[PDB]
Amino acid sequence: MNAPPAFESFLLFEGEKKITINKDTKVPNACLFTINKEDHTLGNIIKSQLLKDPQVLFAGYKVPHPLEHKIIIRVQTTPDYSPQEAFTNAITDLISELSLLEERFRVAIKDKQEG
Amino acid sequence: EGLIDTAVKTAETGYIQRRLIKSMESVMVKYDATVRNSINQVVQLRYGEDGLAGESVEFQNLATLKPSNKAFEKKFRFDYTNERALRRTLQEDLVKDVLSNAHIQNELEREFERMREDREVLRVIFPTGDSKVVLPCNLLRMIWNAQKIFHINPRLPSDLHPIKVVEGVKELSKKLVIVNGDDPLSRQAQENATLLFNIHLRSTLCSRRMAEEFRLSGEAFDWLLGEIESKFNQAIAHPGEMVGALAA
Amino acid sequence: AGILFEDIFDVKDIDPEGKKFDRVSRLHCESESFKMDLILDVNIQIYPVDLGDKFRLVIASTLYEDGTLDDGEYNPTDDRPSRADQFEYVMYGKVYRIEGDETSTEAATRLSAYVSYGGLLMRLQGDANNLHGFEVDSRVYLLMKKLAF
Amino acid sequence: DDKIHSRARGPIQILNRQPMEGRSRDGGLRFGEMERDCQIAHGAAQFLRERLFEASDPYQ
Amino acid sequence: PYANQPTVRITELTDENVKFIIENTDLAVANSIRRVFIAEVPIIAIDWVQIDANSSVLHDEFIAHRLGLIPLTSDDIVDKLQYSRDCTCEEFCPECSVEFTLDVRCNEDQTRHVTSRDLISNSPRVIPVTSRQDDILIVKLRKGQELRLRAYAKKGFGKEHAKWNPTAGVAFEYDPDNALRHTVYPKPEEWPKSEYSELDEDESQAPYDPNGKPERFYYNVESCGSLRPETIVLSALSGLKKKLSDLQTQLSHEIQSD
Amino acid sequence: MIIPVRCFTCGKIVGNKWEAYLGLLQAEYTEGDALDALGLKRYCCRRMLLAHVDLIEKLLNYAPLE
Amino acid sequence: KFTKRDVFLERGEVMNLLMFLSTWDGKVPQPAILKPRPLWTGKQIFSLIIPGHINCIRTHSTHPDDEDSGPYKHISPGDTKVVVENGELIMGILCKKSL
Amino acid sequence: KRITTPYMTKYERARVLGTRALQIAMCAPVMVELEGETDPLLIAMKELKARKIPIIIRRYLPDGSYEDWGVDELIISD
Ligand SMILES: [Zn+2]
Ligand SMILES: [Zn+2]
């Protein structure tokens, strides 16, 4: 009777932000990125991509509660490299890699058919 | 067989618990630090014959219980003749004081005599040599925490005169009060109630053990006394606590 | 400097009481000069070692040559010189017990440093002369390198 | 769904002015004597009097 | 401090499933692509059934349930239609939905087998899997009963409901030989060799490898019949790219606003 | 009561195979052979043809009219 | 199983586990094994979970009784004799006897 | 000549916090600067920490006598 609908897992509600930045106070150059209406799909790749970057001292996400559709990403870089640009670069290079992977898969398919 | 046993237990234990609760439902600890019932009839002059809450009590052991007469002598006497041992344990500016001064020697002798009296009391009170006893403050843990905080490094000669330990213990024995009042009956009750705890406190804090196994410094010992008094005060039984329901 | 101890050793027995775990084993090693016992516990999986192998164990209070006494935290982004550059197996622990054959009158002659690298134990038993740099509750490293000989 | 139940000043009986009993009749849970003994053990006399008088059957 | 250059190689291309291999990529990307294959894949399906007369023996909702699980081919229609939630009209417009109809009544003596073939769609390309092998049995009617209704189809993805789950079963597997020791076999000799295992029949598992990253992820995407396998992969990659682009745009706006 | 449309675990369509399964079992084939003849590799989809009970027949016996 | 001697974690796993810590000071501890690859140990991560400066001693379920008397008292081959100092796990494997 | 304990029992502390919270909720003047909070119970807790609660406890003895203790007079446990 109280079962939530199925659209509340991906669709944004009026007033809720897709992404919010919040600076941390325990250590310098550390911000927690809170994402709304997402799951491990959109946080694990970003975590790994940040791990690739050497200037990122810390990187990892979590799920405050499985029923709640929300994930917090904590990033901490060197003092001469803000975490915002780190997040931007991770997303940019990940997008480039996915586009290149798509192109290679497409050419491989078109060559496989009668070739 | 097991299922039938469980069914009958589930039916009998409820009645047993009900009868136990309906016989001590009004018993409580009044502000006069005494346990009475609805008719104001005193059942215990002090809750649990000590007046301490059951939450802040941990198992401990009595070092001066069940030793050997020869071992007891070489662990709580603080021999003041072997100057080499004193130089190893205490610092040079204390060995001469403990040697020349005879008041310190008499005080230490009195401490050992009191320790022997306490050992006799424990033996006549705890037959069968049961070291495992329940007391408010876990003195071993407190000593360990002091060592780990102040960085005692139990290898170097510590700066803690035995007289400091003796006077500190005596003052702490005065601060921890249960039966307030200077009346002779009041003092007798205070000594009787806080008896086992004082014996344990003296047995753990001595002039020899403090200078051989703990090596606490003056600041460390003062912090230890503060912690002990605060923990004992918190361990006191709060008046107005329905102990009858808790017992049931 | 910060070299709390420096000496060559050789392996002589591994897990005498039977290998308990699967990635860690006891190394009942011996010295060659100071004649001191060693019960180091290395990760046999990533850093395999067999009997008869010799290595240069060096307990150091810091990994820097100048000896700046690092606070203690994982900071890979660091270009400063490090003594780990010439060692194939380094660890970080905290000595927790210094047992010795002390008496009531005469000082001890043989100590035994017990250090725990987060779970990996090590007893550097020997004389009481070269263990002057070990004090309870202090950070230390291992810095061991296998010798090709 | 057949077991979930709640209450907020629902219907009252006719003999003793106390809440009804049963999920179907939209009744409240019983604050058994064992719960009373537990509350006495906690020493929360105010909470006990509230459960037994304020939210049970106030009357003058 | 950038991405990598993954490579692709198809080992088996058929009209039912594809087995490709992805090399030089991180495990997180592979697992994410898998979860997208299962969950976030646009596809058409039945989601709004109006039952007018159902004299069958099953429940009234049972018919809608079964109709919801009937796949619909959307090789070139899913990319064109828009989500009904984001539509800018009223009623299921054909520009954002596809209409269906079913009107069967058992008149003869023998029992009817109302199959998916009875779903007469208005659009030509949006039809159940009966082009080119029996049809999905919906219900059985007997002389005297009938089943008249009309339903509409819309675009959705598996994250909302299983009806929009094109992939039947994705066989994701990497490092066939237990080289990275990510799983410790108590008795390696007792386990069989993986299909992709290059190790001979003598040795049980490959030796340990300290400095070794997971690569060569194997895939066996199996299409249920609605979308072609390679089409499923392409749609998943495009959708994941779109999600990253939207997240990046939102992040840029948030940073600029601060 | 009636054969499902898809396998609960996997998701492959199995609704369009009950009649084929019965026909293959009737002709000469056995169960262990018919299942892989239809194209069911995973063991999760094979329960749908082995565990399923066909109760719709008994329901059809209670014809409303005629 | 997390506190056995033979538990090693990589930077990714460690940084992922620290996220589930409501009292983390925000500083990554020095790994127990720097080279040839930074590997933490289960006990080292669990130390950060212990608040304050706690000190206690407990014995593990599979602790052989004929071990304290003989040698190897303070260094147990079976990784028993739990020892915590300054709120940091040093030895032993945690079980019901300690938790 | 008060002989009751100089410490505040948990029962008394809870009741005082509750009563002060009730009074504050009924539009009563506070006894501490508010840092920007509104829950009356939190304000009562802050006042207790600041030792400014205008309440005095009357501990009745079994005999019948009583002692008036002020919140700013005896030591608080928590
Ligand atoms: Zn429309
Ligand atoms: Zn299946």
# chains A, B, ... in the order shown; residues from 1 in each chain; ligands from 1

$ residues_near_ligand --ligand "ligand 1" --cutoff "10 Å" --atoms "only C-alpha atoms and all ligand atoms" --output "PyMOL selection string"
chain E and resi 81-97

$ interface_residues --of "chain B" --to "chain C" --cutoff "7 Å" --atoms "only C-alpha atoms" --output "list in words"
residues 84, 85 and 153 of chain B

$ interface_residues --of "chain H" --to "chain D" --cutoff "10 Å" --atoms "only C-alpha atoms" --output "list in words"
residues 11, 14 and 15 of chain H

$ residues_near_ligand --ligand "ligand 2" --cutoff "12 Å" --atoms "only C-alpha atoms and all ligand atoms" --output "PDB file with N, CA and C atoms, in the first residue's frame"
ATOM      1  N   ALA E 168      18.197 -11.011 -22.243  1.00  0.00           N
ATOM      2  CA  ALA E 168      17.739 -12.190 -21.519  1.00  0.00           C
ATOM      3  C   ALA E 168      18.708 -12.517 -20.390  1.00  0.00           C
ATOM      4  N   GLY E 169      19.971 -12.752 -20.725  1.00  0.00           N
ATOM      5  CA  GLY E 169      20.976 -12.987 -19.709  1.00  0.00           C
ATOM      6  C   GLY E 169      22.361 -12.629 -20.201  1.00  0.00           C
TER       7      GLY E 169
ATOM      8  N   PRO F   4       4.105 -19.150 -17.974  1.00  0.00           N
ATOM      9  CA  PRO F   4       4.487 -17.734 -17.953  1.00  0.00           C
ATOM     10  C   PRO F   4       4.971 -17.264 -19.310  1.00  0.00           C
ATOM     11  N   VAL F   5       5.162 -15.957 -19.419  1.00  0.00           N
ATOM     12  CA  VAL F   5       5.673 -15.380 -20.655  1.00  0.00           C
ATOM     13  C   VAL F   5       7.194 -15.370 -20.674  1.00  0.00           C
ATOM     14  N   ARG F   6       7.830 -15.115 -19.534  1.00  0.00           N
ATOM     15  CA  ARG F   6       9.281 -15.062 -19.467  1.00  0.00           C
ATOM     16  C   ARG F   6       9.775 -15.777 -18.222  1.00  0.00           C
ATOM     17  N   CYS F   7      11.033 -16.203 -18.283  1.00  0.00           N
ATOM     18  CA  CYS F   7      11.659 -16.874 -17.158  1.00  0.00           C
ATOM     19  C   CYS F   7      11.912 -15.879 -16.039  1.00  0.00           C
ATOM     20  N   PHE F   8      11.532 -16.255 -14.820  1.00  0.00           N
ATOM     21  CA  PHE F   8      11.647 -15.334 -13.696  1.00  0.00           C
ATOM     22  C   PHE F   8      13.088 -14.898 -13.501  1.00  0.00           C
ATOM     23  N   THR F   9      14.015 -15.850 -13.553  1.00  0.00           N
ATOM     24  CA  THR F   9      15.408 -15.540 -13.277  1.00  0.00           C
ATOM     25  C   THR F   9      16.076 -14.854 -14.461  1.00  0.00           C
ATOM     26  N   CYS F  10      16.153 -15.547 -15.593  1.00  0.00           N
ATOM     27  CA  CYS F  10      16.834 -15.017 -16.763  1.00  0.00           C
ATOM     28  C   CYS F  10      16.078 -13.879 -17.429  1.00  0.00           C
ATOM     29  N   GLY F  11      14.911 -14.187 -17.984  1.00  0.00           N
ATOM     30  CA  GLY F  11      14.110 -13.226 -18.724  1.00  0.00           C
ATOM     31  C   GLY F  11      13.774 -13.662 -20.137  1.00  0.00           C
ATOM     32  N   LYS F  12      14.374 -14.744 -20.621  1.00  0.00           N
ATOM     33  CA  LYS F  12      14.118 -15.244 -21.963  1.00  0.00           C
ATOM     34  C   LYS F  12      12.654 -15.629 -22.134  1.00  0.00           C
ATOM     35  N   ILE F  13      12.118 -15.403 -23.334  1.00  0.00           N
ATOM     36  CA  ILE F  13      10.726 -15.749 -23.595  1.00  0.00           C
ATOM     37  C   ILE F  13      10.584 -17.263 -23.596  1.00  0.00           C
ATOM     38  N   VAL F  14       9.644 -17.765 -22.803  1.00  0.00           N
ATOM     39  CA  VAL F  14       9.428 -19.201 -22.691  1.00  0.00           C
ATOM     40  C   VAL F  14       7.949 -19.479 -22.925  1.00  0.00           C
ATOM     41  N   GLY F  15       7.149 -18.415 -22.980  1.00  0.00           N
ATOM     42  CA  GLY F  15       5.724 -18.582 -23.220  1.00  0.00           C
ATOM     43  C   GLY F  15       5.412 -19.225 -24.556  1.00  0.00           C
ATOM     44  N   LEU F  35      14.459 -30.178 -24.069  1.00  0.00           N
ATOM     45  CA  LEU F  35      14.800 -28.864 -23.527  1.00  0.00           C
ATOM     46  C   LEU F  35      15.922 -28.208 -24.321  1.00  0.00           C
ATOM     47  N   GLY F  39      16.155 -24.875 -27.263  1.00  0.00           N
ATOM     48  CA  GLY F  39      17.135 -23.813 -27.190  1.00  0.00           C
ATOM     49  C   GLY F  39      17.302 -23.250 -25.796  1.00  0.00           C
ATOM     50  N   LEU F  40      17.108 -24.090 -24.785  1.00  0.00           N
ATOM     51  CA  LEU F  40      17.203 -23.682 -23.388  1.00  0.00           C
ATOM     52  C   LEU F  40      18.524 -24.194 -22.825  1.00  0.00           C
ATOM     53  N   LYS F  41      19.516 -23.309 -22.760  1.00  0.00           N
ATOM     54  CA  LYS F  41      20.822 -23.686 -22.231  1.00  0.00           C
ATOM     55  C   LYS F  41      20.856 -23.591 -20.712  1.00  0.00           C
ATOM     56  N   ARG F  42      20.570 -22.408 -20.175  1.00  0.00           N
ATOM     57  CA  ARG F  42      20.659 -22.200 -18.736  1.00  0.00           C
ATOM     58  C   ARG F  42      19.640 -23.051 -17.995  1.00  0.00           C
ATOM     59  N   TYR F  43      20.042 -23.547 -16.826  1.00  0.00           N
ATOM     60  CA  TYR F  43      19.152 -24.386 -16.038  1.00  0.00           C
ATOM     61  C   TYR F  43      18.043 -23.576 -15.396  1.00  0.00           C
ATOM     62  N   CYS F  44      18.176 -22.252 -15.356  1.00  0.00           N
ATOM     63  CA  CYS F  44      17.135 -21.452 -14.730  1.00  0.00           C
ATOM     64  C   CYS F  44      15.898 -21.392 -15.605  1.00  0.00           C
ATOM     65  N   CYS F  45      16.073 -21.404 -16.926  1.00  0.00           N
ATOM     66  CA  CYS F  45      14.925 -21.398 -17.814  1.00  0.00           C
ATOM     67  C   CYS F  45      14.327 -22.782 -18.006  1.00  0.00           C
ATOM     68  N   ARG F  46      15.021 -23.846 -17.597  1.00  0.00           N
ATOM     69  CA  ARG F  46      14.483 -25.183 -17.804  1.00  0.00           C
ATOM     70  C   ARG F  46      13.436 -25.570 -16.774  1.00  0.00           C
ATOM     71  N   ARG F  47      13.356 -24.865 -15.651  1.00  0.00           N
ATOM     72  CA  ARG F  47      12.335 -25.231 -14.683  1.00  0.00           C
ATOM     73  C   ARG F  47      10.953 -24.851 -15.194  1.00  0.00           C
ATOM     74  N   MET F  48      10.870 -23.801 -16.020  1.00  0.00           N
ATOM     75  CA  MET F  48       9.580 -23.352 -16.530  1.00  0.00           C
ATOM     76  C   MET F  48       8.862 -24.426 -17.326  1.00  0.00           C
ATOM     77  N   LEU F  49       9.593 -25.320 -17.973  1.00  0.00           N
ATOM     78  CA  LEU F  49       8.951 -26.385 -18.721  1.00  0.00           C
ATOM     79  C   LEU F  49       8.837 -27.676 -17.932  1.00  0.00           C
ATOM     80  N   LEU F  50       9.590 -27.816 -16.848  1.00  0.00           N
ATOM     81  CA  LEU F  50       9.534 -29.011 -16.022  1.00  0.00           C
ATOM     82  C   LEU F  50       8.676 -28.818 -14.789  1.00  0.00           C
ATOM     83  N   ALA F  51       8.795 -27.674 -14.131  1.00  0.00           N
ATOM     84  CA  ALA F  51       8.006 -27.431 -12.940  1.00  0.00           C
ATOM     85  C   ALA F  51       6.598 -26.939 -13.237  1.00  0.00           C
TER      86      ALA F  51
END

$ closest_atom_pairs --of "chain D" --to "chain A" --cutoff "12 Å" --atoms "only C-alpha atoms" --output "JSON lines"
{"residue": "D:1", "atom": "CA", "partner": "A:1", "partner_atom": "CA", "distance": 7.1}
{"residue": "D:2", "atom": "CA", "partner": "A:1", "partner_atom": "CA", "distance": 10.5}
{"residue": "D:4", "atom": "CA", "partner": "A:1", "partner_atom": "CA", "distance": 10.3}

$ write_last_selection --atoms "C-alpha atoms" --output "CSV table (one decimal), in the first residue's frame"
chain,number,residue,atom,x,y,z
D,1,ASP,CA,-0.7,-5.2,4.8
D,2,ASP,CA,-3.1,-7.4,6.7
D,4,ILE,CA,0.0,-3.2,9.8

$ residues_around --residues "region 13-18 of chain D" --least-positions-apart "3" --cutoff "10 Å" --atoms "only C-alpha atoms" --output "list in words"
residues 9, 10, 21, 27, 28, 55, 56, 57, 58 and 59 of chain D

$ write_last_selection --atoms "N, CA, C and O atoms" --output "short mmCIF file (atom, residue, chain, number, x, y, z; two decimals), in the first residue's frame"
data_model
loop_
_atom_site.label_atom_id
_atom_site.label_comp_id
_atom_site.auth_asym_id
_atom_site.auth_seq_id
_atom_site.Cartn_x
_atom_site.Cartn_y
_atom_site.Cartn_z
N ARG D 9 -6.65 8.40 18.45
CA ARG D 9 -7.95 8.72 19.05
C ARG D 9 -9.10 8.17 18.19
O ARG D 9 -9.92 8.91 17.64
N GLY D 10 -9.13 6.84 18.08
CA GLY D 10 -10.15 6.16 17.32
C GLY D 10 -11.42 5.99 18.13
O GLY D 10 -11.64 6.65 19.15
N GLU D 21 -10.58 -2.85 20.31
CA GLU D 21 -9.56 -3.88 20.19
C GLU D 21 -9.70 -4.56 18.84
O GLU D 21 -10.81 -4.89 18.42
N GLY D 27 -8.83 -0.53 16.63
CA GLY D 27 -8.52 -0.42 18.03
C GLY D 27 -7.04 -0.19 18.29
O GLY D 27 -6.19 -0.33 17.41
N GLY D 28 -6.74 0.16 19.53
CA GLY D 28 -5.38 0.38 19.97
C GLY D 28 -4.76 -0.82 20.65
O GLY D 28 -5.45 -1.73 21.12
N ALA D 55 -3.69 9.26 27.46
CA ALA D 55 -4.05 8.70 26.16
C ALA D 55 -4.84 7.41 26.29
O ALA D 55 -4.88 6.61 25.35
N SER D 56 -5.46 7.18 27.44
CA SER D 56 -6.27 5.99 27.67
C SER D 56 -7.73 6.32 27.95
O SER D 56 -8.61 5.85 27.22
N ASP D 57 -8.01 7.14 28.97
CA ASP D 57 -9.38 7.51 29.30
C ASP D 57 -9.47 8.70 30.24
O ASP D 57 -9.88 8.54 31.40
N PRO D 58 -9.12 9.90 29.79
CA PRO D 58 -9.25 11.07 30.66
C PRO D 58 -10.69 11.25 31.11
O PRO D 58 -11.63 11.03 30.34
N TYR D 59 -10.87 11.67 32.36
CA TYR D 59 -12.21 11.89 32.87
C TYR D 59 -12.12 12.69 34.16
O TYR D 59 -11.17 12.54 34.92
#

$ select_by_dssp --residues "region 38-223 of chain E" --states "strand (DSSP E)" --output "PyMOL selection string"
chain E and resi 43-54+98-105+112-115+120-121+137-141+146-156+173-174+217-218

$ write_last_selection --atoms "C-alpha atoms" --output "short mmCIF file (atom, residue, chain, number, x, y, z; two decimals), in the first residue's frame"
data_model
loop_
_atom_site.label_atom_id
_atom_site.label_comp_id
_atom_site.auth_asym_id
_atom_site.auth_seq_id
_atom_site.Cartn_x
_atom_site.Cartn_y
_atom_site.Cartn_z
CA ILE E 43 12.61 -0.20 -25.57
CA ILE E 44 8.89 -0.21 -26.39
CA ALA E 45 6.41 -2.33 -24.43
CA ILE E 46 2.80 -2.52 -23.31
CA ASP E 47 2.03 -0.29 -20.33
CA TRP E 48 -1.62 0.85 -20.63
CA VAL E 49 -4.32 -1.76 -21.26
CA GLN E 50 -8.01 -0.89 -21.46
CA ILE E 51 -10.06 -4.06 -21.05
CA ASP E 52 -13.64 -3.75 -22.26
CA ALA E 53 -14.94 -7.32 -22.07
CA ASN E 54 -13.00 -10.23 -20.58
CA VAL E 98 1.81 2.78 -30.39
CA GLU E 99 -1.76 1.48 -30.28
CA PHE E 100 -2.81 -2.18 -30.16
CA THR E 101 -6.09 -4.07 -30.40
CA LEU E 102 -7.24 -7.61 -29.60
CA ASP E 103 -10.73 -8.96 -30.33
CA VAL E 104 -11.06 -12.74 -30.10
CA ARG E 105 -14.15 -14.79 -29.28
CA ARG E 112 -8.89 -21.15 -28.95
CA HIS E 113 -5.25 -20.25 -28.35
CA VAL E 114 -5.21 -16.45 -28.23
CA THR E 115 -1.61 -15.80 -29.19
CA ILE E 120 -3.20 -6.06 -34.43
CA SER E 121 -0.94 -3.03 -34.26
CA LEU E 137 0.42 -17.78 -25.75
CA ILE E 138 -1.69 -15.21 -23.92
CA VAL E 139 -4.79 -17.15 -22.77
CA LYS E 140 -7.08 -20.01 -23.77
CA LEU E 141 -10.73 -19.33 -24.59
CA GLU E 146 -14.43 -13.55 -25.47
CA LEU E 147 -11.59 -11.08 -24.93
CA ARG E 148 -11.90 -7.55 -26.34
CA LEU E 149 -9.41 -4.82 -25.44
CA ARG E 150 -7.01 -2.25 -26.83
CA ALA E 151 -3.68 -1.27 -25.32
CA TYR E 152 -0.98 1.32 -25.95
CA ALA E 153 2.79 0.92 -25.88
CA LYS E 154 5.33 3.43 -24.62
CA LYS E 155 9.09 3.80 -24.22
CA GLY E 156 10.76 2.78 -20.97
CA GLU E 173 33.25 -12.82 -17.14
CA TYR E 174 36.89 -11.73 -16.91
CA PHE E 217 36.21 -8.79 -20.32
CA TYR E 218 34.06 -11.34 -22.13
#
